[PDB]
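Chains as they are written, first to last, in UniProt numbering: chain F, 316 to 699, 703 to 737, 740 to 750, 753 to 757, 759 to 766; chain G, 316 to 699, 703 to 737, 740 to 750, 753 to 757, 759 to 766.
For every residue, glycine included, the Cβ atom is placed at its ideal position computed from N, Cα and C.
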Ligand SMILES: Nc1ncnc2c1ncn2[C@@H]1O[C@H](COP(=O)(O)OP(=O)(O)NP(=O)(O)O)[C@@H](O)[C@H]1O
Ligand SMILES: Nc1ncnc2c1ncn2[C@@H]1O[C@H](COP(=O)(O)OP(=O)(O)NP(=O)(O)O)[C@@H](O)[C@H]1O
């Protein structure tokens, strides 16, 4: 590209001089290509597009070697210097401005079936790799190269697939889910309407797995934001061009006062996002949610909407008793051969809905008991009754022995919402005892 | 208009060159049309207007293909480049300033009887489609095309009307209300002084209906604001150019402290709005309010205005039990034929006041009982008594089993304000018992 523009610039400069020689020394000497002329040359011999007609849209250039469109002005301005090095920043801006008016408007290819990779675009419908073309409008791509892998790479006798088995404590469902998680992470146009949480007390490898995703996927392609930080001002601004969002560390049992922004991103509904000192606008994020926490956080919603969105990974394995291998976190996951195999296996994996492991379901039920004290009381009933409201209330087994405040007769309406027998009214059965109380089961 | 402007610019440049030849080589050579001449040519051969005479008003250009006036400076500057490509940003701004000085001032057509649609304007008085003309000043239009529909479109054997029936659990009143809600949503100049709230326990399809509305209407034409976010600073600024506002998710039972701006927007009264780092100004919003919540929120007003402004949609249907059809939310509602049929049926529907379903009336009454403890106690009275204030008080049936703080006698004044028998004072009937108390009904 640089060699092409350098030849074009010299040819155009020579042509201008020849015309000036033909007209004689009228004034000074034309040695600098005019900014409008530069736009004419660049548009002809390069691919400049405009993403949309909205005001102050930045010009996008298709850099041939990378195969993706870029809006970086410095990259574009460097290209201007190849054609006309004598242009300063103001004149280069004039060249950019002229190109903005000239170029046609094309929208970014947001097809979920296409995933850009360093080697080229990957079409999930055909499960085939396609070479970079200007027709595919992409602004970012996965850093790792896509090559066909037949044998699992081994570095110092360490197997990446066995490491995944070690992380999941040799659980077939979890390792299947973990591969599905990596598959969903790379695709930035399909969200699958699920949120992934990593729960580990300590040294469970959550950070290494996050660093693995940060390595197989581009470093710039990932976002760092916690669950409680989604609703803060300007925090959603970072998720503009991110394929996925990773929560490096979530506070233990943090109270998510408002999960509306979190729930919208997980489902994929449009959310209100504002850049700092910039006007508020509306956009849709399809990136998946990855969060690492040392314990399931508490959500104020206590509704079915939050429950369906959440997915939990057990991470039962501990690396404290076993000797810590800093080589895994620092070197092994950064190996190119290891990364390429992970990319090849994950992107080739095809699935429609997240295959929920039984361990996640059991641990998800634990969170439901923790989140809703009423549901925990229903689970912990273990009783063979409906007519006496005070008996079935029983102060909810003394706060269900959890020290969580419970309303009076309001959660009772919420209780029957949770649950065949429903409500039966009998005057005989329905204040024998105030009930603190050790009568776990009556007659 | 690109061809016309190119020809005009070439002709003007040729005329200037001929004039310079007539005057000889006085100095250099005139090849760039002066900005004032460009403004003259554009005003002669295009339609530029100014919405109002207030300071720093942006010039509006009638783009012929779209049929609506636009204030986007990039489009106008692209038009300038079509006329004279060699102007940079500064000279384009000079042309825009000259045009602003030249053009006349016309106000936007805010007639509620006219609804701009992609094909053309729709007159509700005549219920007829009219082609685009510069006479109608519109800044935005409905994205979907208006075509006459005779048969309900079917994609993969899925019927949109049957989907609406399924959403409303085969309730004629609720589906009629939904069609009326869509009809109100399309019109951005008539507010009808009602607020629509979607309540759903689980997967009730509220998000799918919101996406359907955002698809039939223009994506840029909808605002994303929740109720509790109405009074947050700079949040109303987005509402200026939106036909309707939709809250994607509302926290379950969120305590909306201040509802003044929300009530004003629902009624349509003028409200004070401020953009970030921009002067405060008073503006009138006629957009309709649609909100999705997993439970009816609470308002501190306990006033008739909040009750009369609010309208609730049951959404009793649940898609958690029936297998979820992701194609409904992802693909089927994005079908052009389905969107066109929905547009036609909704815009052709004619009604004056929101036909409130009986289910909404019962659910609205349940919200009224929840909002005011005194009203709920009065409903739960079921008693055959007026003279003893403490007896009829009964601590409001001991908080009415809803742990709501109640005034000792101010709420009594509020009760007698709400409610034939009124008050009768008798010394005989009026401290037998302190009254906690199980005497539900006395003699
Ligand atoms: N298979 C393995 N065997 C032994 N040590 C390992 C293995 N995989 C990773 N490690 C080490 O275990 C540590 C994992 O750190 P990390 O994942 O951050 O712990 P964590 O507390 O669970 N995550 P975080 O809460 O963000 O700190 C690193 O020192 C790794 O080098
Ligand atoms: N008729 C239908 N039959 C089955 N599934 C449906 C039907 N209509 C929609 N769905 C699916 O049901 C889901 C609707 O999601 P959504 O409307 O967001 O649930 P919601 O909780 O009520 N709204 P929200 O609170 O914002 O999440 C999507 O997965 C749709 O594909």
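Among the bridge pairs identified by DSSP, residue 377 of chain G is matched with G:384. Residue 376 of chain G and residue 365 of chain F have their C-alpha atoms spaced approximately 21 Å apart.
The DSSP assignment places 521-531 as complete runs of the alpha helix (DSSP H) inside the segment 506-548 of chain F, in order along the chain (cut-off: 4 residues).
Closer than 7 Å at the C-beta level to chain G, one finds no residue of the segment 670-689 of chain F. Taking a cut-off of 8 Å for Cβ pairs, the segment 484-495 of chain F and the segment 453-470 of chain F do not touch, as fewer than three such pairs fall below it. At least one CB atom of chain G sits nearer than 8 Å to the CB of residue 578 of chain F. With respect to residue 629 of chain F, residue 565 of chain F sits apart: the two C-beta atoms are not nearer than 8 Å. Excluding its 5 nearest sequence neighbours in each direction, residue 722 of chain G has C-beta neighbours in its own chain below 7 Å: 688, listed in chain order. Under the three-state reduction of DSSP, residue 398 of chain G is assigned to helix. The shortest C-alpha to C-alpha distance from residue 581 of chain F to any of F:562, F:624, F:541 and F:567 is the one to F:624. Residues are counted here when their Cβ sits less than 7 Å from a Cβ of chain F; for the segment 385-408 of chain G these are 387, 388, 389, 390, 392, 393, 396, 400, 401, 403 and 404, given in chain order. When Cβ pairs closer than 8 Å are counted between the two stretches, the segment 393-405 of chain F is seen to touch the segment 349-357 of chain F, the count reaching three or more. Listed in chain order, the positions of the segment 556-573 of chain G with a beta carbon within less than 8 Å of a beta carbon of chain F are 563, 564, 565, 566 and 567. Annotation for residue 518 of chain F indicates a beta carbon within 7 Å of some heavy atom of ligand 1. Judged by DSSP in its simplified three-state form, residue 614 of chain G adopts strand.
About 12 Å separates the beta carbons of residue 730 of chain F and residue 704 of chain F, which is beyond the 8 Å limit, so they are not a contact pair.
Beta-bridge annotation (DSSP): residue 365 of chain F is paired with F:420. Neighbours of residue 490 of chain F across chain G, judged by C-beta separation under 9 Å, do not exist; the nearest C-beta is about 25 Å away.
By the Cβ test, the segment 567-578 of chain F is in contact with the segment 533-549 of chain F, since at least three Cβ pairs between them sit closer than 8 Å. For residue 708 of chain F, no chain G residue has a Cβ inside 9 Å of its Cβ, as the nearest lies near 10 Å away. At least 8 Å separates the beta-carbon of residue 686 of chain G from that of residue 715 of chain G.
Shown here, residue 562 of chain F sits in a strand according to DSSP, grouped into three states.
At a threshold of 7 Å, residue 655 of chain F does not count as near ligand 1, since its beta carbon sits no closer than that to any of the ligand's heavy atoms.
Neighbourhood of residue 742 of chain F in chain G, by CB distance below 9 Å: empty, with the nearest CB roughly 16 Å away.
Among the residues of chain G, those whose CB is under 7 Å from the CB of residue 412 of chain F are 403 and 404, following chain order. Between residue 345 of chain G and residue 332 of chain G, the CB-CB gap stays under 8 Å. From the beta-carbon of residue 426 of chain F, no residue of chain G is found nearer than 8 Å; the closest lies around 12 Å away.
Checking the DSSP bridge columns, you'll see residue 483 of chain G has no partner listed.
Scanning its chain for C-beta atoms nearer than 6 Å, with the 5 sequence neighbours on each side dropped, one finds around residue 529 of chain F the residues 537, in chain order.
In terms of Cβ geometry, residue 401 of chain G and residue 329 of chain G do not form a close pair [threshold 8 Å]. Residue contact check for residue 380 of chain G against chain F: no CB pair falls below 8 Å. Here DSSP, grouped into helix, strand and coil, assigns residue 453 of chain G to coil. Here residue 705 of chain G carries a coil assignment [DSSP, helix/strand/coil]. Taking the C-beta atoms as reference points, residue 475 of chain G is found no nearer than 8 Å to residue 525 of chain G.
In the DSSP assignment, residue 623 of chain G falls within the alpha helix (DSSP H) that extends over 619-624. The shortest CA-to-CA distance from residue 434 of chain G to any of G:427, G:428 and G:445 is the one to G:445.
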